[PDB]
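Contents: one structure, followed by commentary.
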Amino acid sequence: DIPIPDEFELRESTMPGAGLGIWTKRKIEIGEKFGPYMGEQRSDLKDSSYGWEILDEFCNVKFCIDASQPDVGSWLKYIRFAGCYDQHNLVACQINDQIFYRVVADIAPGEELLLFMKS
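Numbering-wise (UniProt numbering), the sequence shown opens with residue 75 and increments by one.
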């Protein structure tokens with residue numbers, strides 16, 4: 075399987091219909107980063123699925139990182155997306171052509187890790 079760190083728990087997300095999410099047992103402070111997001115390098119994400127675009131100088135796609143398939147990826151693939159404004163505690167950022175998730179609000183023990191809502 076895809077291993078989940080001991081400091082996190084994989085269990086039912088509070089996002090309706092999202093399935094299993096990632097929950098912390100430790101306090102997580104603003105400014106911590108997680109990753110890199112892992113997966114197969116692809117030209118695009120036709121199946122939106124689980125994945126991120128990596129961008130060049132000009133904000134155009136250099137390539138994409140796709141974790142569609144169940145055996146590929148890291149525990150970050152299970153972090154779900156907030157549904158509301160300021161419901162999230164993570165944002166993606168890009169460093170050396172890899173995606174990391176940056177903590178933007180404090181996460182107390184027993185709370186779900188949630189990315190910035192989709193458009």
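Idealized CB from N, CA, C, for every residue including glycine.
Separation of residue j from residue i, as counted between CA atoms
i: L150; j: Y124; result: 10 Å
i: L94; j: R154; result: 8 Å
i: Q161; j: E131; result: 30 Å
i: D80; j: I102; result: 14 Å
i: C167; j: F174; result: 5 Å
i: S193; j: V178; result: 18 Å
DSSP state of residue i mapped onto helix, strand, coil
i: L187; result: coil
i: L150; result: helix
i: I102; result: strand
i: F132; result: coil
i: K120; result: coil
Paired residues, beta bridge with residue i - DSSP
i: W126; result: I139
i: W97; result: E83, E186
i: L164; result: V177, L189
i: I169; result: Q172
Continuous beta strand (DSSP E) stretch holding residue i: start and end
i: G157; result: Taken as a continuous stretch (DSSP letters only), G157 belongs to no beta strand (DSSP E), as it is neither H nor E.
i: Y175; result: 172-177
> Taking contact to mean at least 3 C-beta pairs separated by less than 8 Å, is the segment 112-121 in contact with the segment 130-141?
Replying inline: yes
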